[PDB]
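**Q**
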Amino acid sequence: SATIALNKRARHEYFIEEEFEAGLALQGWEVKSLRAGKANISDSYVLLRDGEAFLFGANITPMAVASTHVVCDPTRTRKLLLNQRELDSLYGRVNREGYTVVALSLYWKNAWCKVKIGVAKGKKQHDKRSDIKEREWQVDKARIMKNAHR
RNA sequence: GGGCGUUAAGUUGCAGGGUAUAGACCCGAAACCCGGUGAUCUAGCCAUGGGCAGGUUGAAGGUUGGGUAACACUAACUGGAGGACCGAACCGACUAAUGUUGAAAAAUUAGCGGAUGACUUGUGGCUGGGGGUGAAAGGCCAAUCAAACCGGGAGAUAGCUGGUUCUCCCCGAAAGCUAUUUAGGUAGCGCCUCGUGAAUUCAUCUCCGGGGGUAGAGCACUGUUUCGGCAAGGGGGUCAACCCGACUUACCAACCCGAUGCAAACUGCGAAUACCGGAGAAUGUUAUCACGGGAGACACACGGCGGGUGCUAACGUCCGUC
RNA sequence: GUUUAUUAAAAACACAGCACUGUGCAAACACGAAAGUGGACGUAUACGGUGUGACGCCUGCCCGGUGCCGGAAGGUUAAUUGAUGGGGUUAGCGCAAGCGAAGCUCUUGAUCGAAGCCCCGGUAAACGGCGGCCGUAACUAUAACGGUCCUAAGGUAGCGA
RNA sequence: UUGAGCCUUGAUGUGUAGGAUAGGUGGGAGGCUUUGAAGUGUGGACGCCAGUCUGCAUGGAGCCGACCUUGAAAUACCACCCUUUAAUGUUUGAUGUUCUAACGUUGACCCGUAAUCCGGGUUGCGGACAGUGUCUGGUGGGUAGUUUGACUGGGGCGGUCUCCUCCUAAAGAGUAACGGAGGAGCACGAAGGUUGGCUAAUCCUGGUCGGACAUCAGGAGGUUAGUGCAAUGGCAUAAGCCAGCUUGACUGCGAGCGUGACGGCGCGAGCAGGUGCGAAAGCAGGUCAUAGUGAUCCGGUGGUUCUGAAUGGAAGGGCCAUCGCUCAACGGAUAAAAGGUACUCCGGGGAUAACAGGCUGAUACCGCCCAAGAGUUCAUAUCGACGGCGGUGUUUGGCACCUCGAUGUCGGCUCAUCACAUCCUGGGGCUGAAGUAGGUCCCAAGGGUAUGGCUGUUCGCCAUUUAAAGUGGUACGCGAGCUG
RNA sequence: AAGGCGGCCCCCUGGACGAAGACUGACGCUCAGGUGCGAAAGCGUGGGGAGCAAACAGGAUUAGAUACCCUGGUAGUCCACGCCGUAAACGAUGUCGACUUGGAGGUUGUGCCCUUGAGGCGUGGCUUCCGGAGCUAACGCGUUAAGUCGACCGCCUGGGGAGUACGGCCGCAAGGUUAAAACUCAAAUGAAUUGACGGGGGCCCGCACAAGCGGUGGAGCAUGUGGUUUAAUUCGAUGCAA
RNA sequence: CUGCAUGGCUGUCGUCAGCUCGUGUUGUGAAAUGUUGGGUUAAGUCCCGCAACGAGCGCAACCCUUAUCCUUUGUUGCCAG
RNA sequence: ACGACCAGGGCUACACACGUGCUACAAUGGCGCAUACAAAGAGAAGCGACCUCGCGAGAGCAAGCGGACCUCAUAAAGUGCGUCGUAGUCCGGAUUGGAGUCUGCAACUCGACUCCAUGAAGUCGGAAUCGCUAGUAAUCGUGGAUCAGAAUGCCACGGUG
RNA sequence: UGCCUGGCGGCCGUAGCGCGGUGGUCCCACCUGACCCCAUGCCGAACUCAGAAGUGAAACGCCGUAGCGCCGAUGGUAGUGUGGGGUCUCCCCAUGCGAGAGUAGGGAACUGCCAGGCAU
RNA sequence: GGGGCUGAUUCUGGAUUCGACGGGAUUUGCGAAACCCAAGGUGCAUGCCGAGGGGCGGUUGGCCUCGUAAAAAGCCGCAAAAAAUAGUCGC
Ligand SMILES: [Mg+2]
Ligand SMILES: [Mg+2]
Ligand SMILES: [Mg+2]
Ligand SMILES: [Mg+2]
Ligand SMILES: [Mg+2]
Ligand SMILES: [Mg+2]
Ligand SMILES: [Mg+2]
Ligand SMILES: [Mg+2]
Ligand SMILES: [Mg+2]
Ligand SMILES: [Mg+2]
Ligand SMILES: [Mg+2]
Ligand SMILES: [Mg+2]
Ligand SMILES: [Mg+2]
Ligand SMILES: [Mg+2]
Ligand SMILES: [Mg+2]
Ligand SMILES: [Mg+2]
Ligand SMILES: [Mg+2]
Ligand SMILES: [Mg+2]
Ligand SMILES: [Mg+2]
Ligand SMILES: [Mg+2]
Ligand SMILES: [Mg+2]
Ligand SMILES: [Mg+2]
Ligand SMILES: [Mg+2]
Ligand SMILES: [Mg+2]
Ligand SMILES: [Mg+2]
Ligand SMILES: [Mg+2]
Ligand SMILES: [Mg+2]
Ligand SMILES: [Mg+2]
Ligand SMILES: [Mg+2]
Ligand SMILES: [Mg+2]
Ligand SMILES: [Mg+2]
Ligand SMILES: [Mg+2]
Ligand SMILES: [Mg+2]
Ligand SMILES: [Mg+2]
Ligand SMILES: [Mg+2]
Ligand SMILES: [Mg+2]
Ligand SMILES: [Mg+2]
Ligand SMILES: [Mg+2]
Ligand SMILES: [Mg+2]
Ligand SMILES: [Mg+2]
Ligand SMILES: [Mg+2]
Ligand SMILES: [Mg+2]
Ligand SMILES: [Mg+2]
Ligand SMILES: [Mg+2]
Ligand SMILES: [Mg+2]
Ligand SMILES: [Mg+2]
Ligand SMILES: [Mg+2]
Ligand SMILES: [Mg+2]
Ligand SMILES: [Mg+2]
Ligand SMILES: [Mg+2]
Ligand SMILES: [Mg+2]
Ligand SMILES: [Mg+2]
Ligand SMILES: [Mg+2]
Ligand SMILES: [Mg+2]
Ligand SMILES: [Mg+2]
Ligand SMILES: [Mg+2]
Ligand SMILES: [Mg+2]
Ligand SMILES: [Mg+2]
Ligand SMILES: [Mg+2]
Ligand SMILES: [Mg+2]
Ligand SMILES: [Mg+2]
Ligand SMILES: [Mg+2]
Ligand SMILES: [Mg+2]
Ligand SMILES: [Mg+2]
C-alpha cells in the first residue's frame, strides 16, 4: 500500500532483535522523491555521534535541478526523530562486540515518512547455515511425519 | 391614462420605375439522374485453324561391362527433357541521337530483351458503366476513363470572371456602423437623386449659460527613483592581529524629514481647440426636418495633425480629424 | 514472366511452396427481385477467401483493446397480447350546482415475449504491441548484480550510419 | 409434463389476564339422538407437543352448552366462506415424443415423349420441420445521400467567438487591431424594506499563561478601513456595521428620457387597488450602480369572460402565469455529421503566399569617434573593453506595392560587363622596419586571377602548383545558347 | 553378436542346446582399410495423439530462485518411410584354443537303476554366490580368472590447453569422425589406514523424558548481577561451568 | 598490570567410562588385533567365541559412618535384682 | 611517587531488568491455655546456673565449669481442649512517628532486639521453568564456623513422613 | 441701540489646526439619584424620566499669536486654434486664449432670523 | 520555435513527523554565576608604586596575596596527542 524501498536482504543477513517505528528527518526535493523519485535504502545503518543517530546509507535520486543554488548530495546523512525515552537502547546495546541497528523498511504514515529501524548482529556465514538447516529440517520432519501417518 | 383610430375619396384603363413567380440583361462551367449505343482498339474468357530459320548443353529412362547373396553404386553406348542456351522471322520497347507548327496526335537510326511456352497470331462469340475486365498500373472499356459515348431533365446551378450598343441637360456618393457558416455577398442605418409638406428649420460670426481631466504641470494619492540627515546593525577591523575585540571598514542600510526626477492604466491643479442650448443683427437659389419612388455603395490611398503597433524602419499596418 | 497503350519496366504484381479460415453437397461463395447458372457433371489429398512468397536456421512473449468462436446462471431488451388506473358522452338521480349505470371511445400501461448487449473463457501464420529510472568490481571507465514505478508483455534468435 | 375459473373449503388463529385454536354483527340456547356423538389405539401435523386439522383396524350410544380470566361468551347452531391451502377430469399455453394429410424432395419407376426443362401418377424419406408474405429487435462503408464554421499582416498550427471593468480613445457621445491588464454563465427567504443606534484600517502604553500578533482599558490617527465578488465611479444623512417588525423580491398602468439599423435594453415622477415599518412627515415596484445572461418554432403544467366545422357537450386552437437548449460557433441555417486526394477537376484572385522586382535596413558586411589596457617602460608599430556614430543593399528578416487570361526557380558548360570595400603586379608613409622576409595604411581597376577526389553542386575538406588562385551587382547574369 | 526384447493368437523366419549316429577333410583364428546392425534424444515428410511430459504461463519457498513443491501445458513420447552413428553402448575386463583345488544353487536335455513321491547315480550348454593356489599397488579376479601361455587387432606415454582450432570426409541441420600447435604448473591421480564431519543408520545409559510431587516467573524483603547516577558507587568472576 | 611467561589451586565435560603400553600375530607398507561380537552389569564388571596373550592409569575393594551380635574397661552414666 | 600518613565519606545509591531464597494466599490455616519425644555441638579477653526487675529487649548482684559434671537449651511440628467461620480476614508484618536495650571510643549515611501505635502489598500467579526414585521429596525446630554485635546466605542435626 | 449666549441658514479653508488666556448675571456644559417612562448581545458612560449642592477642570464659547494648513497676484514659461515656413521623432514666424508650479502679498472670516439677560 | 498536461496525498484552503534538534531559550521552586548593593564580626583592607605569575608563559591592570612591598595565585595556551568509524569480510 504505502510501502517504499525496503531492505529485506538485511533481515536474512542479521538477527533482528527489536524494532523502532521512529521517523526520518529530510530536506526538500527528497520527500517528494519518496513518492516517486527512486529512493534506495541499501547499505543503511545508524551513525550515532553523540545523540545524532543519522541514517548514513541511502541514495534518493534528485528528480529536478530547477533550484540550482543548493548543492545536491544523494548520500546525505538523514536525521532521525526518535523519543529520548526509547533512544536509550541505541546509546546502550550497540557497542558491545558487533551489534548494529539497520533500516529494515521505509513507508508512509499519513503523508509523513517513517523508517523502521532494527537492532541486530552479524552471522559470520555459520549462523546462516544453521538457520537454513533448521528451516529445511522442520519442513522435512513435517513431510516425513505426514507420509508415515498417511 | 396609454395603444390603435374617428379628420381628408376612392376606383377602373393607359404609359412608366420597382417588387413576387416564372429562364428573367447575355455567354460559360466543372457535376447529378433517366433512357439507349458500343468488346472491329483494348482486358479477360470460350471455340476453331496457323507460326516459331539455324547452331549448342546431355536429366529421367533403356542396354553392355564392373560390382552386390539380392540391392545399392560405378564405367561405356543410346537417350533428347528443360516456363534451358546463343541467335533469325514474330512479340515488346531498356539507352542514346533526330524529330517536337515533325515522314508520324509516340515515329526513325544505332544498340536491346524473350524467341517450345505463363508464347504469339487469324477468325467467330460472351462479359455493358457504379458496371465489365484487370499476373493489380486506379490500368483498359474504339486517339476521350478516380466512373465510356449519344439523346433528354437542361436555358441545372455559378454569392464567380467578361460584355452590355444613339445624344444632350441637371444633380450627385461611398468604400463607414450593426448582424451574418459572415469578411470579395447580403438586409437596415449612415450618404445620393426626385416629388410632397413644414417652421429663422439649418449653417458662419458675436454675446451669454454649461461639464471636463487632453496637452501642459505636479508628486496631495498609487507605483518608480538619486542623495544627505535622523539613525540599529552587520561584513576578511588599520588594531590586539588570542582576548572586553582600538569599534568605521569608498558595502546594504527600518520609519520620518530636506533636496532631485519619471509614469497610457497616478491627479491635490489644469488650458486652447472642441460639444449642447438660448439670443442678436448680417449672409446662403430651404442650404434643415418628416414621408414616399428609385439607387449606388459596405476593397480606399496619400499628405498635415494626436496616437497604438513596428525599429517614432517601410510607397507597412490599425484609429479620429481636415 | 507481367505491369501504368502515349514521360516511371522497377525493389512494383504473379509465381511454385507455406499457414489460417469457411465449406457434408440442394456445400461455402458470386451473378441473379426469381427461376436458373458457375463452382462442378468436382466430393475434404475437392473448392473459395486471406496473408507471406524457391531453399537452409526459425516464427520467441501478450487477449490489455477491436474482431471471431463456445455458454445462457444473472440484468436490460422489439414486434405481440392487454390487469387496471384516469377522462369524454348520457339513461337518469337531483327544485340547483352537482353525483352519475351500461355501450362506444380518448389516454397510462400489469403480465408474455427471441435475437442482441453487459458477462464468463479461448483464439495473434487474426487487427496489433512488446519501458525508461538509480547505486554498485582493485587506476580510470562500464556494470554481471541489487531496489522500486507501470504494463498484458517490455524485443528472444538474428541483423545493423 | 403443465396456470388462472374450478372438485369442496380438508381452512389457518391464541391480550401477562384465559376448560382458549372466539360465535362477522342478525336470531345468542342446538340438525344433534338410524341430518349414524365420547369410549379404545395413534401414519402426517397446528408442535411456544397447553391444545390439536386430528386421520382411522375395534366403537355401534352423548361428547358438547353454560362458561372459569369475564379489555372481549365458544367454532354445538344457520353459513352471503376469510387472518387462504386441496387433488384428480378441469380451462389450452410451452417442452418432449408418436403419426400423416398440408408442405419439400437438384431419390427411384412410368407417362406426355423422340426430351437430363416441365407437369401428372405410383413410391421412399423428412415433416407440421424446412421454406415464403407482413411486422419487428440486432448487425450491416457493401451501397447512397451528405457534413467537416469564421477572424488570421498568405494558408495551416496556435489563440479567439457571448457579457463586464481602465487605457489607447485626441478633456460632449462614439471610435480599431492576433494592442496593453483583470473578471462573469453566481449568490441572498436574508445579504430585500422600514425604524432606531454606531462609525475604521494602521501605529503605541500598561495588563494571567499571551508572543510581529487573540481579549482588555487608555493614547496617535481621520477613511490610507469596509463594500457577498474582478475593475471604475461613490458612499459620513453613511451605499459599512447591530436589533425589531416584516414580504414592496406587489398587481395593472405610466407623462417623459437615453441608447440601438432593427430585434430590443435601461431610468422614471405619478395614477388605481391592496400591504410592511415608523408617532409622524415619509420610505418601500429588490440587493451602492455596471457581467451573473439565449430571439423564434415545437411540445410540458394550472386557471380562464373566449373559438368549438349541424346541434348539446368534449378533443382541439389562442388568451395570463409558468416550464425544456454550455443552440458557449452564445442574432442561434438541421432533432440528427469526421478526414485524405501528389489521380484530381471547375469558376475565379497577385483582393493572397512561394522565386524574382520595389520601399526600410532590425539583422548582415564595412568604416569612423573616446580610450581601461594588451603590447617589458611607452594608449594608438599592431589590437582593443563598456558604448556611440555612420555607409552599401550584399546575408537572414518586414510589407503585400506590378506579375496566378503564366516573369522557368538549385547547380553545372560556353559567353561576358561593371564597381573597388585591391589577391598579384606598380608608388609611397609609419614600423616593436639590422638585411631577406613581415604588419598596417594611403593612391592606383591597365592586365591577370589553377588543376583533380568527395557529394546534385553553390559552400566546404583534402592533394599539387602559381605572383595571385579577390569580394560583389547584373531575374542570388546567361534553358527563344544546352543538360537535368 | 551388441543395442535390446514381457496378454493371447495366426504367417514367415534367424539363432541356441542333447543321447546315438553318418559324412567333406584344415575348408581354422584374428583382421588396418571397408560393410552392416546399433539405447534414447534429435531432424524431414505423411498420420495420430488417452496418459505423461522439455520449452512456456501461473501459484508457492527463499534476501534473491530464470529450479526443486503444485495447476495447466506445446514439441516429443504412439505409426510408416527417410538422416546421425551418439551413451557410465559397463563386466570401465577385445576375438579364438588348451591346462589349473573345491562347495552351495537356478535353468535346459539326455543315459541307467525296481522312478511305489522332483527315489538314486551319472553326463553336456547357459547362468548366480562363496572360496584354495596363483596374480594384483590394494580393492578384488579366482575354471565364465584380473592364475600360466599361444595367434591377431585397437589403444596408452604428466595434468590443463583439448578431444579444442585449422585442414579432409560424412550429414538438410544439430553435429560426428581424423586430429594438432603456441602457453602455464610441478604436480594431476587410484587403493587402503587414522582422526574429523554428515540435514546417514543402529544400540545403550543418567529425575534426560514420561509418570508423579513440590516449587521459580504473580506480591513485601534480602544480599548478588548488568545498566544509570555519583567523587567513587572499591577488584575480579560474564552460557551451562559468573 | 601482564592467569596470552608461569608455579600452585579450582570448576566443567565426568565417578562418564574409557585412555594406553609390552610381546606376539596380520598386511610390502601406512596401520589393525587386543579395545571387536552375544548374554550381563553401575562399569573395558563377569563369561564365551574370536591371534590374541598380559600389564598401567582405569571399576570395585582396601578408607569413614549406619544396620544384628561378641568381649574389654563402669565415670560425670543404667537402675535387671 | 603507582611508595607511604591518619581523619570524613562511599562500597549499603537508582526512573530500571535478572539468578536464588525467606516470608504469606488462610479451615490440614492463624489466636491463645495443660503436654510430649532428638542428635550433634561451642565454651577461661570465655561459657556464663540462680536471684532481684523490666508488658518486652536486658540492667544490677552474680554459683559452677578446658567440662558423659555447668551454660547456651521447658524444641516444635505432634497431642487434648477451647475459640474464630470464610471476611484484605483476629490472614498476611512490611513502611511509618517515637521509646529504650545488646554491642563495640561513635549506629542521621549504616546494625540487630524489643514492645505500644498506622497496619502496605498479596488473595496459588502467562509463556516458560527447576528439583527430587525412600527414611528421599515436602514441612518443623535446633546446632556450628566469620565476628565488638550485623544471616532469609553457608555448613551440619534430628522429628514427622 | 452696544455686548454675551442658545437654536436654525447663506458660504465651505482668507472659513480649519497648534500655542497662551479667558466666562459663570443668563444661556451652555459637567453634576445628584433612581420605584417608575426607557435601555444596556453586561454595566444609568449611550437613550430616558426627577432635579440645581458643587463646578468652568474636561468639553464649549472668546481674544491675540504667522509653527501650520489655505488663498493668491503682475511678469515670465509650457501648451494650443488659425495661416505660412525649417536643418521636419522636433521647432519658428503673425495673431488669439494664455496654465500649473513659484515670487510679492494676504490670511486667526463675513452674515440673517428667532428667544433670554446685561447697560438703557 | 511554438503551444498543452504535470511540479498537488489530496486533485479535501486548516498535517502537533508523537519522537531528536534552534526558539521569549514564555513557565514554578531557586546556588553570587538563574544574578544579586552600608551592618552584628573587628583586621592592618579600599585608590594607593606594586609582584610578575600553578610544571612553563600570558589575561580586560587592579581578576591573588599583602603593609611599607613580595612570593605572584583564582582562568587560558605550552598542556590531556591517543579523536579517527555499523556489521559481514585475506592469513
Ligand atoms: Mg480478347
Ligand atoms: Mg546420343
Ligand atoms: Mg535467356
Ligand atoms: Mg535469345
Ligand atoms: Mg516465321
Ligand atoms: Mg532482338
Ligand atoms: Mg529496334
Ligand atoms: Mg469498377
Ligand atoms: Mg481510349
Ligand atoms: Mg465516339
Ligand atoms: Mg440534357
Ligand atoms: Mg429542371
Ligand atoms: Mg446555364
Ligand atoms: Mg451547385
Ligand atoms: Mg444558387
Ligand atoms: Mg437598406
Ligand atoms: Mg444661428
Ligand atoms: Mg506626461
Ligand atoms: Mg462586405
Ligand atoms: Mg471596388
Ligand atoms: Mg480605412
Ligand atoms: Mg494594405
Ligand atoms: Mg489620416
Ligand atoms: Mg509507359
Ligand atoms: Mg524489365
Ligand atoms: Mg509480399
Ligand atoms: Mg508472431
Ligand atoms: Mg480478446
Ligand atoms: Mg454469443
Ligand atoms: Mg437472449
Ligand atoms: Mg460514402
Ligand atoms: Mg477561415
Ligand atoms: Mg481557420
Ligand atoms: Mg470621450
Ligand atoms: Mg432607518
Ligand atoms: Mg415604485
Ligand atoms: Mg456592487
Ligand atoms: Mg417544426
Ligand atoms: Mg359541434
Ligand atoms: Mg363543446
Ligand atoms: Mg381543452
Ligand atoms: Mg428549448
Ligand atoms: Mg453578437
Ligand atoms: Mg483554374
Ligand atoms: Mg519576395
Ligand atoms: Mg516586377
Ligand atoms: Mg544602421
Ligand atoms: Mg600599460
Ligand atoms: Mg508568355
Ligand atoms: Mg500576364
Ligand atoms: Mg582605392
Ligand atoms: Mg602591392
Ligand atoms: Mg596611411
Ligand atoms: Mg526417438
Ligand atoms: Mg509438471
Ligand atoms: Mg514459476
Ligand atoms: Mg568402454
Ligand atoms: Mg570375428
Ligand atoms: Mg570369488
Ligand atoms: Mg570437434
Ligand atoms: Mg558386548
Ligand atoms: Mg570485629
Ligand atoms: Mg501665474
Ligand atoms: Mg504671467
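Residue numbers (the deposited numbering): 11 to 160. Idealized CB from N, CA, C, for every residue including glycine.
Can you tell me where the alpha helix (DSSP H) with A20 in it begins and where it stops?
**A** The sequence position of residue 20 within the first sequence is 10, counting from 1. 19 to 23 is the span of the alpha helix (DSSP H), which, as asked, contains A20.
**Q** I need the boundaries of the alpha helix (DSSP H) containing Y101, first residue and last residue.
**A** To locate residue 101, count along the first sequence from 1; it is residue 91. Taken as a continuous stretch (DSSP letters only), the alpha helix (DSSP H) holding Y101 covers 98 to 101.
**Q** Got a sec? Which residues, its chain only, sit under 6 Å from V125 by beta carbon, not counting five neighbours each side?
**A** Taking the first residue of the first sequence as 1, we reach residue 125 at position 115. Once the five neighbours on either side are set aside, the close Cβ partners of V125 are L34, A113, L116.
**Q** What does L91 pair with, by DSSP beta-bridge criteria?
**A** Locating residue 91 in the first sequence gives position 81, counting from the first residue. Beta-bridge pairing links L91 to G33.
**Q** Identify every residue that forms a DSSP beta bridge with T13.
**A** Your numbering for residue 13 matches position 3 in the first sequence. Beta-bridge pairing links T13 to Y117.
**Q** With burial defined as no fewer than 16 other Cβ atoms inside 10 Å of the residue's Cβ, what is the status of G38: buried or exposed?
**A** Here residue 38 refers to the residue found at position 28 when the first sequence is read from its first residue. With fewer than 16 other Cβ atoms within 10 Å, it is exposed.
**Q** Measuring alpha carbon to alpha carbon, tell me which residue in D137, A15, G108 is nearest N50.
**A** For this step, residue 50 is matched to residue 40 along the first sequence. Checked all of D137, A15, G108; the closest Cα to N50 is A15.
**Q** How would you label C82, buried or exposed, when you count the other beta carbons within 10 angstroms and need 16 or more for buried?
**A** Here residue 82 refers to the residue found at position 72 when the first sequence is read from its first residue. By the neighbour-count rule (16 or more Cβ atoms within 10 Å), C82 is not buried but exposed.
**Q** Taking Cβ positions, are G132 and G108 nearer each other than 8 Å?
**A** As a first step, residue 132 is located in the first sequence; it is residue number 122 there, counting from the start. As a first step, residue 108 is located in the first sequence; it is residue number 98 there, counting from the start. For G132 and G108, yes; Cβs fall inside 8 Å.
**Q** Cα separation between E23 and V41?
**A** Counting from one through the first sequence, the residue named residue 23 turns up at place 13. Counting from one through the first sequence, the residue named residue 41 turns up at place 31. Taking the straight line joining both Cα atoms gives about 28 Å.
**Q** Assuming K156 is part of the alpha helix (DSSP H), what are its boundary residues?
**A** Indexing the first sequence from 1 puts residue 156 at position 146. 137 to 159 is the extent of the alpha helix (DSSP H) around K156.
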